[PDB]
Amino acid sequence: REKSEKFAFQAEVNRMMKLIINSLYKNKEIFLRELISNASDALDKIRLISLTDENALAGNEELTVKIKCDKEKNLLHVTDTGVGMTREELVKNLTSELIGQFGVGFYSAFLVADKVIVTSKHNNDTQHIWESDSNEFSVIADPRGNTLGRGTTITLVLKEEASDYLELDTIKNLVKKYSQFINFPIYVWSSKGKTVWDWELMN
């Protein structure tokens, strides 16, 4: 149950990190923008798919991004109800503008994170967890089953120096500033809370 779960990045794939991390060392807060763009792209996809597929939205009828800081656990979560990724996509998918050009903006998460977890659910596959420290990565079936319904959560284990991204004022100011790639609603969990009115619509 390891040779089918533990993998390592391609030599070009690992080299691409050396470009992203070294180049954007002064603009670390670009990561939220990049993650939010991907969420919007994945929302565009399932929305386009839903034009031709009347069952496309069955597992989650909502088209949103929801951001929530878990300061107690040192975690930042970015959750979209987009197209999601299959296991095959999680396994095989491997300068502020150039990052968005070649599609590698996702790995700007490692400017602020020691470890990135991706939980995704695609309509044609079970829910899976991908995790990496940017040296190796693994992909496993999610033991919690289908909790997302459809879409993708990006979970960031923040570095000690990135503590500020667990703060509500910081993440809210960043989301408003980087509402570049969103014509879908973006919410921030505005609580540390019990109800659905605890989401603040950011855009």
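Just so we're on the same page, rigid core means the largest C-alpha set that superposes within 1.5 Å between forms. Residue numbers run from 1 along the displayed sequence.
With each structure aligned by its rigid core, the stretch whose Cα atoms sit farther from this model in 9 other deposited structures of this protein, between 175-183 and 17-25, is 17-25. Looking at 104-112 and 129-137, the one farther from the shown form in 9 other deposited structures of this protein by average CA distance, after a rigid core fit, turns out to be 104-112.
Unmodelled residues of the deposited sequence between neighbouring positions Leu94 and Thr95 number 10 or more. According to the entry, the stretch of the deposited sequence that connects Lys192 to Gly193 contains 4 to 9 residues lacking coordinates, which leaves a gap of moderate length in the model. Note on 79-87 vs 126-134: mean CA B-factor is higher in 126-134. Of the two stretches examined, 113-121 and 99-107, the record assigns the greater average C-alpha temperature factor to 99-107. Annotation for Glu34, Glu54, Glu161, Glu62: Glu54 ranks highest, by Cα B-factor.
Compared with the other modelled residues of the chain, the Cα B-factor recorded for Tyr187 ranks in the lowest third. Among the modelled residues of its chain, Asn27 has a C-alpha B-factor that falls in the highest third according to the deposited record.
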